[PDB]
Amino acid sequence: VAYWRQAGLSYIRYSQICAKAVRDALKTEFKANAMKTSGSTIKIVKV
Amino acid sequence: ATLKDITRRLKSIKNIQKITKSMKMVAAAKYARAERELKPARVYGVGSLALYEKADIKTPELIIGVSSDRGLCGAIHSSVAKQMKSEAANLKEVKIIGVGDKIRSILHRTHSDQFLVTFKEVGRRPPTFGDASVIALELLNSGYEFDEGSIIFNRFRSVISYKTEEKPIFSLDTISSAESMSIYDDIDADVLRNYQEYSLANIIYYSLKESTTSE
Amino acid sequence: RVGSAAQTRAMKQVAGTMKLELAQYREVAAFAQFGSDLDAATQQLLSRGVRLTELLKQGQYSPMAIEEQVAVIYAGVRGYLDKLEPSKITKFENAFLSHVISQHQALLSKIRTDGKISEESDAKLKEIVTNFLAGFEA
Amino acid sequence: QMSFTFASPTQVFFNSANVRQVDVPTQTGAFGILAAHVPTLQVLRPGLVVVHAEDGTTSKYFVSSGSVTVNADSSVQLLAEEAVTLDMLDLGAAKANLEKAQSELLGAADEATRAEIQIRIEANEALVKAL
């Protein structure tokens, strides 16, 4: 087992964090594309 | 045929034509961008599917429909809905998810008491892996221990054609523990847990990236 | 048909760009009500469009002095009411014009006399409207 | 000859390319898939990908996470949520980032919160390696 698991976290969520980190570690010249991706539009409709 | 009425009709059709020509150009722009981002997505999504076709997966013994919120796109929604009702009928327990308000309004009423979740804010802005991860997460965090699921969406083919297709979601971490999977050894019972979760987001993403291009 | 051969230089100084943004709005106007996602280029002309249009409104029995008309037209044409609410332009003008007809009869007398909007009076109007507007949205 | 496919949701690097070898960062070490390796499945980890092309001087890449697959047939597919060449990474930033993370952790008691920080630390830390 990993630390993130058992802690309630799943792998997609890990990948999420990992992928974002790599982004924040880029340089404006490639930082633009960051927006043209990693969206968050989707909205939950739970009933 | 009254010069009054005739004029009334011309009035409303000249506007329609104007608003309708506008909507066309906006779309063709969204389409152009979508057609391109779709190149990589396929290779990526087809890659995710590269394991299961390259090696069997069945099931001993969740319908996901993807489209959008906006209409005026011919039969994008009606198609997935049509095939969505077809499955729910032919079938084993039934539970469903619709990404894009239109699905939640169409293959709906008849099957509300057959819903798990629904998604909004789909189609206006280009889909992301990020949106796919929300869909996947929302499911994993659901009490539905689905044994097998299918994902129904519109696979692009050209500006004048698309085809509503289905993709199996053997995400059952349980099913990925069959004979055919004996060929691949040195696999922790829980390394798969990560593997499946991931390939679940990849498949939702793929369908999503195909969908907006068709739409 | 007579056209500008009959407008004053003061008016022309303003009439001219107004005539033009309006014609431009008229091209796009119909889009407004379904403009689910128009670029800010045209979204701009819709805004100038509705404000300029509100400036052309007028009650009856109250004809204005050419100098009062250009002062008000200048206000939206120059962009000052662009951030103002369409619903308020009628109220703005009324009060704005009440103000300059009260306090500023020397600038209007200039505009009048000089027959046009000098670079000066131009600057004086800028301040008069940017301070009045501030007052206005308090 | 193995058909190697390496890509991210957005970019594709290799598509059925005949590469002699590839080095990938997994949760359990760094497996080196060879033209002929036994079938396997593995989840990625913030690290580095090395693609020994058909002609020497190999190409490098950085991966945040994802998956890798080796099938009965000599087909392999590497899929990273995000994969970039070192060519586009600022080392200076990473440092600044590993610092902050290790700081938040020192201020977190919430198990889940900590996990999210820990993971971040691991990623940013892994950034130092090829930079």
# chains A, B, ... in the order shown; residues from 1 in each chain; ligands from 1
call {"tool": "closest_atom_pairs", "arguments": {"of": "chain A", "to": "region 100-116 of chain D", "cutoff": "9 Å", "atoms": "only C-alpha atoms", "output": "tab-separated table"}}
result
residue	atom	partner	partner_atom	distance
A:3	CA	D:115	CA	6.5
A:4	CA	D:115	CA	5.1
A:5	CA	D:115	CA	8.6
A:7	CA	D:112	CA	5.3
A:8	CA	D:112	CA	6.6
A:9	CA	D:112	CA	7.2
A:13	CA	D:116	CA	8.8
A:14	CA	D:116	CA	7.8
A:17	CA	D:116	CA	7.4
call {"tool": "write_last_selection", "arguments": {"atoms": "N, CA and C atoms", "output": "PDB file, in the first residue's frame"}}
result
ATOM      1  N   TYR A   3       1.217   5.636   0.742  1.00  0.00           N
ATOM      2  CA  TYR A   3       0.760   6.570   1.772  1.00  0.00           C
ATOM      3  C   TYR A   3      -0.549   7.236   1.363  1.00  0.00           C
ATOM      4  N   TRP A   4      -0.647   7.619   0.092  1.00  0.00           N
ATOM      5  CA  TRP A   4      -1.856   8.272  -0.407  1.00  0.00           C
ATOM      6  C   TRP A   4      -3.062   7.354  -0.279  1.00  0.00           C
ATOM      7  N   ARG A   5      -2.887   6.066  -0.573  1.00  0.00           N
ATOM      8  CA  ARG A   5      -3.981   5.111  -0.338  1.00  0.00           C
ATOM      9  C   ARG A   5      -4.085   4.982   1.189  1.00  0.00           C
ATOM     10  N   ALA A   7      -5.101   6.670   3.064  1.00  0.00           N
ATOM     11  CA  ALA A   7      -5.364   8.046   3.473  1.00  0.00           C
ATOM     12  C   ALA A   7      -6.631   8.548   2.776  1.00  0.00           C
ATOM     13  N   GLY A   8      -7.200   7.675   1.947  1.00  0.00           N
ATOM     14  CA  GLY A   8      -8.411   7.984   1.218  1.00  0.00           C
ATOM     15  C   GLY A   8      -8.157   8.360  -0.233  1.00  0.00           C
ATOM     16  N   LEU A   9      -6.921   8.723  -0.576  1.00  0.00           N
ATOM     17  CA  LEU A   9      -6.627   9.132  -1.942  1.00  0.00           C
ATOM     18  C   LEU A   9      -6.567   7.945  -2.900  1.00  0.00           C
ATOM     19  N   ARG A  13      -6.074  10.811  -8.677  1.00  0.00           N
ATOM     20  CA  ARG A  13      -5.877  11.962  -7.810  1.00  0.00           C
ATOM     21  C   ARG A  13      -4.394  12.218  -7.580  1.00  0.00           C
ATOM     22  N   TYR A  14      -3.629  11.137  -7.518  1.00  0.00           N
ATOM     23  CA  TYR A  14      -2.171  11.217  -7.390  1.00  0.00           C
ATOM     24  C   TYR A  14      -1.596  11.766  -8.697  1.00  0.00           C
ATOM     25  N   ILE A  17      -2.153  15.491  -9.044  1.00  0.00           N
ATOM     26  CA  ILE A  17      -1.150  16.248  -8.308  1.00  0.00           C
ATOM     27  C   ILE A  17       0.201  16.221  -9.017  1.00  0.00           C
TER      28      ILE A  17
END
call {"tool": "residues_around", "arguments": {"residues": "residue 38 (chain D)", "least_positions_apart": "3", "cutoff": "12 Å", "atoms": "only C-alpha atoms", "output": "PyMOL selection string"}}
result
(chain B and resi 182-186) or (chain D and resi 31-35+41+69-76)
call {"tool": "write_last_selection", "arguments": {"atoms": "N, CA, C and O atoms", "output": "PDB file, in the first residue's frame"}}
result
ATOM      1  N   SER B 182      -3.165 -14.122 -16.625  1.00  0.00           N
ATOM      2  CA  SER B 182      -2.116 -14.938 -16.021  1.00  0.00           C
ATOM      3  C   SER B 182      -0.814 -14.784 -16.806  1.00  0.00           C
ATOM      4  O   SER B 182       0.269 -15.098 -16.319  1.00  0.00           O
ATOM      5  N   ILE B 183      -0.945 -14.303 -18.034  1.00  0.00           N
ATOM      6  CA  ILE B 183       0.194 -14.087 -18.919  1.00  0.00           C
ATOM      7  C   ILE B 183       1.098 -12.990 -18.362  1.00  0.00           C
ATOM      8  O   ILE B 183       2.320 -13.041 -18.482  1.00  0.00           O
ATOM      9  N   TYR B 184       0.477 -12.001 -17.733  1.00  0.00           N
ATOM     10  CA  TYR B 184       1.188 -10.884 -17.122  1.00  0.00           C
ATOM     11  C   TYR B 184       1.382 -11.167 -15.628  1.00  0.00           C
ATOM     12  O   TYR B 184       0.412 -11.095 -14.868  1.00  0.00           O
ATOM     13  N   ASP B 185       2.598 -11.505 -15.219  1.00  0.00           N
ATOM     14  CA  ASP B 185       2.842 -11.790 -13.805  1.00  0.00           C
ATOM     15  C   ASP B 185       3.642 -10.665 -13.156  1.00  0.00           C
ATOM     16  O   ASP B 185       4.108  -9.748 -13.835  1.00  0.00           O
ATOM     17  N   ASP B 186       3.787 -10.744 -11.839  1.00  0.00           N
ATOM     18  CA  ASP B 186       4.499  -9.726 -11.070  1.00  0.00           C
ATOM     19  C   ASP B 186       3.599  -8.494 -10.964  1.00  0.00           C
ATOM     20  O   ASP B 186       4.005  -7.354 -11.132  1.00  0.00           O
TER      21      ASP B 186
ATOM     22  N   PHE D  31      11.813  -0.034 -14.280  1.00  0.00           N
ATOM     23  CA  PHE D  31      11.896  -1.142 -15.219  1.00  0.00           C
ATOM     24  C   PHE D  31      12.445  -0.721 -16.575  1.00  0.00           C
ATOM     25  O   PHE D  31      12.165   0.370 -17.067  1.00  0.00           O
ATOM     26  N   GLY D  32      13.243  -1.598 -17.175  1.00  0.00           N
ATOM     27  CA  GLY D  32      13.831  -1.344 -18.485  1.00  0.00           C
ATOM     28  C   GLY D  32      13.289  -2.339 -19.510  1.00  0.00           C
ATOM     29  O   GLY D  32      13.788  -3.457 -19.635  1.00  0.00           O
ATOM     30  N   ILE D  33      12.240  -1.931 -20.218  1.00  0.00           N
ATOM     31  CA  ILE D  33      11.616  -2.790 -21.214  1.00  0.00           C
ATOM     32  C   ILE D  33      12.537  -2.972 -22.420  1.00  0.00           C
ATOM     33  O   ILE D  33      12.995  -1.999 -23.016  1.00  0.00           O
ATOM     34  N   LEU D  34      12.790  -4.229 -22.765  1.00  0.00           N
ATOM     35  CA  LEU D  34      13.639  -4.552 -23.910  1.00  0.00           C
ATOM     36  C   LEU D  34      12.787  -5.103 -25.048  1.00  0.00           C
ATOM     37  O   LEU D  34      11.665  -5.557 -24.816  1.00  0.00           O
ATOM     38  N   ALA D  35      13.299  -5.036 -26.269  1.00  0.00           N
ATOM     39  CA  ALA D  35      12.575  -5.511 -27.442  1.00  0.00           C
ATOM     40  C   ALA D  35      11.824  -6.805 -27.154  1.00  0.00           C
ATOM     41  O   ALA D  35      10.799  -7.091 -27.776  1.00  0.00           O
ATOM     42  N   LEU D  41       2.178  -5.115 -16.371  1.00  0.00           N
ATOM     43  CA  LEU D  41       1.425  -3.881 -16.228  1.00  0.00           C
ATOM     44  C   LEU D  41       1.966  -3.085 -15.034  1.00  0.00           C
ATOM     45  O   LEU D  41       2.151  -3.671 -13.964  1.00  0.00           O
ATOM     46  N   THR D  69       2.678  -0.347 -20.491  1.00  0.00           N
ATOM     47  CA  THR D  69       2.170  -1.692 -20.756  1.00  0.00           C
ATOM     48  C   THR D  69       3.029  -2.451 -21.754  1.00  0.00           C
ATOM     49  O   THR D  69       3.468  -1.931 -22.772  1.00  0.00           O
ATOM     50  N   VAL D  70       3.281  -3.709 -21.424  1.00  0.00           N
ATOM     51  CA  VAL D  70       4.061  -4.625 -22.260  1.00  0.00           C
ATOM     52  C   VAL D  70       3.221  -5.875 -22.494  1.00  0.00           C
ATOM     53  O   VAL D  70       2.792  -6.511 -21.527  1.00  0.00           O
ATOM     54  N   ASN D  71       2.881  -6.174 -23.745  1.00  0.00           N
ATOM     55  CA  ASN D  71       1.980  -7.280 -24.048  1.00  0.00           C
ATOM     56  C   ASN D  71       2.666  -8.537 -24.550  1.00  0.00           C
ATOM     57  O   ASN D  71       3.885  -8.588 -24.688  1.00  0.00           O
ATOM     58  N   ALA D  72       1.865  -9.578 -24.811  1.00  0.00           N
ATOM     59  CA  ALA D  72       2.397 -10.841 -25.326  1.00  0.00           C
ATOM     60  C   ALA D  72       3.231 -10.551 -26.579  1.00  0.00           C
ATOM     61  O   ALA D  72       4.359 -11.012 -26.713  1.00  0.00           O
ATOM     62  N   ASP D  73       2.638  -9.760 -27.467  1.00  0.00           N
ATOM     63  CA  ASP D  73       3.338  -9.309 -28.671  1.00  0.00           C
ATOM     64  C   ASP D  73       4.334  -8.233 -28.236  1.00  0.00           C
ATOM     65  O   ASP D  73       4.193  -7.681 -27.140  1.00  0.00           O
ATOM     66  N   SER D  74       5.340  -7.965 -29.052  1.00  0.00           N
ATOM     67  CA  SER D  74       6.351  -6.981 -28.665  1.00  0.00           C
ATOM     68  C   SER D  74       5.833  -5.557 -28.742  1.00  0.00           C
ATOM     69  O   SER D  74       6.557  -4.647 -29.167  1.00  0.00           O
ATOM     70  N   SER D  75       4.593  -5.343 -28.297  1.00  0.00           N
ATOM     71  CA  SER D  75       4.029  -3.995 -28.308  1.00  0.00           C
ATOM     72  C   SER D  75       4.024  -3.395 -26.902  1.00  0.00           C
ATOM     73  O   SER D  75       3.615  -4.018 -25.926  1.00  0.00           O
ATOM     74  N   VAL D  76       4.520  -2.163 -26.822  1.00  0.00           N
ATOM     75  CA  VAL D  76       4.578  -1.424 -25.571  1.00  0.00           C
ATOM     76  C   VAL D  76       3.913  -0.058 -25.743  1.00  0.00           C
ATOM     77  O   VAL D  76       4.010   0.550 -26.805  1.00  0.00           O
TER      78      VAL D  76
END
call {"tool": "select_by_dssp", "arguments": {"residues": "region 7-115 of chain C", "states": "alpha helix (DSSP H)", "output": "MDAnalysis selection string"}}
result
chainID C and resid 9:28 40:55 66:77 86:102 105:113
call {"tool": "residues_around", "arguments": {"residues": "residue 78 (chain C)", "least_positions_apart": "4", "cutoff": "10 Å", "atoms": "only C-alpha atoms", "output": "PyMOL selection string"}}
result
chain C and resi 14+17-18+48+73-74+82+126
call {"tool": "write_last_selection", "arguments": {"atoms": "C-alpha atoms", "output": "short mmCIF file (atom, residue, chain, number, x, y, z; two decimals), in the first residue's frame"}}
result
data_model
loop_
_atom_site.label_atom_id
_atom_site.label_comp_id
_atom_site.auth_asym_id
_atom_site.auth_seq_id
_atom_site.Cartn_x
_atom_site.Cartn_y
_atom_site.Cartn_z
CA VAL C 14 -19.53 64.31 -33.13
CA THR C 17 -18.52 58.95 -35.55
CA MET C 18 -21.96 58.37 -34.02
CA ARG C 48 -21.63 51.28 -28.09
CA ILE C 73 -23.45 63.07 -27.64
CA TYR C 74 -19.77 63.60 -26.85
CA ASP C 82 -19.69 52.53 -22.00
CA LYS C 126 -13.35 65.22 -20.14
#
call {"tool": "interface_residues", "arguments": {"of": "chain A", "to": "chain B", "cutoff": "9 Å", "atoms": "only C-alpha atoms", "output": "JSON list (two decimals) with N, CA and C atoms, in the first residue's frame"}}
result
[["chain", "number", "residue", "atom", "x", "y", "z"],
["A", 1, "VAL", "N", 0.85, -1.22, 0.00],
["A", 1, "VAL", "CA", 0.00, 0.00, 0.00],
["A", 1, "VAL", "C", 0.87, 1.26, 0.00],
["A", 10, "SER", "N", -6.90, 8.24, -4.16],
["A", 10, "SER", "CA", -6.85, 7.25, -5.23],
["A", 10, "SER", "C", -5.71, 7.61, -6.19],
["A", 11, "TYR", "N", -5.49, 6.82, -7.23],
["A", 11, "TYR", "CA", -4.39, 7.07, -8.14],
["A", 11, "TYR", "C", -4.59, 8.21, -9.13],
["A", 12, "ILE", "N", -5.79, 8.35, -9.67],
["A", 12, "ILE", "CA", -6.07, 9.44, -10.62],
["A", 12, "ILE", "C", -5.72, 10.77, -9.95],
["A", 13, "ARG", "N", -6.07, 10.81, -8.68],
["A", 13, "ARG", "CA", -5.88, 11.96, -7.81],
["A", 13, "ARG", "C", -4.39, 12.22, -7.58],
["A", 15, "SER", "N", -2.03, 11.16, -9.80],
["A", 15, "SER", "CA", -1.59, 11.58, -11.13],
["A", 15, "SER", "C", -1.90, 13.05, -11.36],
["A", 16, "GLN", "N", -3.06, 13.46, -10.86],
["A", 16, "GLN", "CA", -3.54, 14.83, -10.90],
["A", 16, "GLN", "C", -2.49, 15.77, -10.30],
["A", 36, "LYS", "N", -4.58, 25.78, -22.00],
["A", 36, "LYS", "CA", -5.27, 25.07, -23.07],
["A", 36, "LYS", "C", -5.40, 23.58, -22.73],
["A", 37, "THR", "N", -5.37, 23.31, -21.44],
["A", 37, "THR", "CA", -5.48, 21.97, -20.89],
["A", 37, "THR", "C", -5.77, 22.09, -19.39],
["A", 38, "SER", "N", -5.76, 20.99, -18.65],
["A", 38, "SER", "CA", -6.03, 21.04, -17.22],
["A", 38, "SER", "C", -7.23, 21.91, -16.87],
["A", 39, "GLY", "N", -8.35, 21.69, -17.55],
["A", 39, "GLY", "CA", -9.56, 22.46, -17.31],
["A", 39, "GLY", "C", -10.26, 22.03, -16.03],
["A", 40, "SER", "N", -11.50, 22.46, -15.85],
["A", 40, "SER", "CA", -12.28, 22.14, -14.67],
["A", 40, "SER", "C", -13.75, 22.49, -14.91],
["A", 41, "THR", "N", -14.10, 22.66, -16.18],
["A", 41, "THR", "CA", -15.45, 23.06, -16.55],
["A", 41, "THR", "C", -16.51, 22.14, -15.97],
["A", 42, "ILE", "N", -16.39, 20.84, -16.20],
["A", 42, "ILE", "CA", -17.34, 19.85, -15.71],
["A", 42, "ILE", "C", -17.96, 20.22, -14.38],
["A", 43, "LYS", "N", -19.25, 19.95, -14.24],
["A", 43, "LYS", "CA", -20.01, 20.24, -13.03],
["A", 43, "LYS", "C", -20.86, 19.03, -12.62],
["A", 44, "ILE", "N", -20.88, 18.74, -11.33],
["A", 44, "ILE", "CA", -21.62, 17.63, -10.78],
["A", 44, "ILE", "C", -23.12, 17.92, -10.65],
["A", 45, "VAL", "N", -23.92, 16.91, -10.93],
["A", 45, "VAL", "CA", -25.37, 16.99, -10.78],
["A", 45, "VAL", "C", -25.84, 15.72, -10.05],
["A", 46, "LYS", "N", -25.71, 15.75, -8.72],
["A", 46, "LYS", "CA", -26.03, 14.62, -7.88],
["A", 46, "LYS", "C", -27.40, 14.73, -7.22],
["A", 47, "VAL", "N", -28.28, 13.77, -7.53],
["A", 47, "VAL", "CA", -29.62, 13.77, -6.96],
["A", 47, "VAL", "C", -30.10, 12.34, -6.70]]
call {"tool": "interface_residues", "arguments": {"of": "chain D", "to": "chain A", "cutoff": "12 Å", "atoms": "only C-alpha atoms", "output": "PyMOL selection string"}}
result
chain D and resi 8-11+27-28+43-48+61-67+79-98+101+110-128+131
call {"tool": "atom_distance", "arguments": {"atom1": "CA of residue 3 (chain C)", "atom2": "CA of residue 23 (chain C)"}}
result
16.1 Å
call {"tool": "residues_around", "arguments": {"residues": "residue 24 (chain C)", "least_positions_apart": "4", "cutoff": "12 Å", "atoms": "only C-alpha atoms", "output": "VMD selection string"}}
result
chain C and resid 17 to 20 28 to 30 41 to 50 52
call {"tool": "write_last_selection", "arguments": {"atoms": "C-alpha atoms", "output": "mmCIF file, in the first residue's frame"}}
result
data_model
loop_
_atom_site.group_PDB
_atom_site.id
_atom_site.type_symbol
_atom_site.label_atom_id
_atom_site.label_comp_id
_atom_site.auth_asym_id
_atom_site.auth_seq_id
_atom_site.Cartn_x
_atom_site.Cartn_y
_atom_site.Cartn_z
ATOM 1 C CA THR C 17 -18.524 58.948 -35.548
ATOM 2 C CA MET C 18 -21.957 58.368 -34.024
ATOM 3 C CA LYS C 19 -23.491 57.849 -37.439
ATOM 4 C CA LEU C 20 -20.780 55.248 -38.024
ATOM 5 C CA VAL C 28 -24.779 43.170 -35.539
ATOM 6 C CA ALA C 29 -27.786 44.142 -33.372
ATOM 7 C CA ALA C 30 -29.802 41.024 -34.256
ATOM 8 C CA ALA C 41 -14.737 42.901 -31.053
ATOM 9 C CA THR C 42 -18.414 42.828 -31.980
ATOM 10 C CA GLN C 43 -19.443 42.608 -28.321
ATOM 11 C CA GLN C 44 -17.944 46.087 -28.225
ATOM 12 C CA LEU C 45 -20.138 47.411 -31.022
ATOM 13 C CA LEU C 46 -23.226 46.002 -29.286
ATOM 14 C CA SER C 47 -22.357 48.055 -26.223
ATOM 15 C CA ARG C 48 -21.630 51.283 -28.088
ATOM 16 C CA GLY C 49 -24.774 50.408 -30.006
ATOM 17 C CA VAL C 50 -27.234 50.386 -27.086
ATOM 18 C CA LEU C 52 -25.596 55.545 -28.487
#
call {"tool": "closest_residue", "arguments": {"among": "C:113, C:33, C:103, C:60", "to": "residue 16 (chain B)", "atoms": "only C-alpha atoms"}}
result
C:33
call {"tool": "residues_around", "arguments": {"residues": "residue 212 (chain B)", "least_positions_apart": "6", "cutoff": "12 Å", "atoms": "only C-alpha atoms", "output": "PyMOL selection string"}}
result
chain B and resi 27-28+30-38+66-70+73+76-77+99-100+122-128+153-156+159+162+205-206
call {"tool": "residues_around", "arguments": {"residues": "residue 64 (chain C)", "least_positions_apart": "6", "cutoff": "12 Å", "atoms": "only C-alpha atoms", "output": "PDB file with C-alpha atoms, in the first residue's frame"}}
result
ATOM      1  CA  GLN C  58     -36.003  62.243 -26.151  1.00  0.00           C
ATOM      2  CA  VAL C  70     -23.076  67.867 -28.738  1.00  0.00           C
ATOM      3  CA  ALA C  71     -22.077  67.909 -25.060  1.00  0.00           C
ATOM      4  CA  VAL C  72     -24.312  64.894 -24.390  1.00  0.00           C
ATOM      5  CA  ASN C  94     -30.831  64.496 -17.894  1.00  0.00           C
ATOM      6  CA  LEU C  97     -27.167  68.228 -18.841  1.00  0.00           C
ATOM      7  CA  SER C  98     -28.857  69.882 -15.886  1.00  0.00           C
ATOM      8  CA  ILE C 101     -26.624  74.084 -18.118  1.00  0.00           C
TER       9      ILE C 101
END
call {"tool": "atom_distance", "arguments": {"atom1": "CA of residue 12 (chain B)", "atom2": "CA of residue 35 (chain C)"}}
result
16.3 Å
